[PDB]
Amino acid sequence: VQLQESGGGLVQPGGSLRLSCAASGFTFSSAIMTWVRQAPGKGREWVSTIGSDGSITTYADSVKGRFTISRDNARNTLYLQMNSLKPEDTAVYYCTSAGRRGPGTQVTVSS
């Protein structure tokens, strides 16, 4: 279960990013996918989960209305569209599946 995230960066408050995660070494079209975030000196925080066919999506209350999870099973890619970003959203965002995780992508929000 190989995972590699991208699409993070340095943005302003009220900004936007689109995270991606490429997947390989497993049947991506049958896998539950989850975004998690981790900032230094803070607890691990679940962002969003999506079922294998993409129809069932769940979100943390901290990101509801602002972030959207999606996937392209044909392209073996998971996504996180991030809107209305604030300094509290600053963290490494990583994808996890079946106890494995990718190295993650840095999201930084600052004035």
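Residues carry their position along the shown sequence, with the first being 1.
In this entry, the higher average B-factor at the C-alpha atoms falls on 6 to 14, of the pair 6 to 14 and 88 to 96. When the C-alpha B-factors of 74 to 82 and 47 to 55 are averaged, 74 to 82 comes out higher. Sort the chain's modelled residues by C-alpha temperature factor and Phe28 lands in the middle third, per the entry. Compared with the other modelled residues of the chain, the Cα B-factor recorded for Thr34 ranks in the lowest third.
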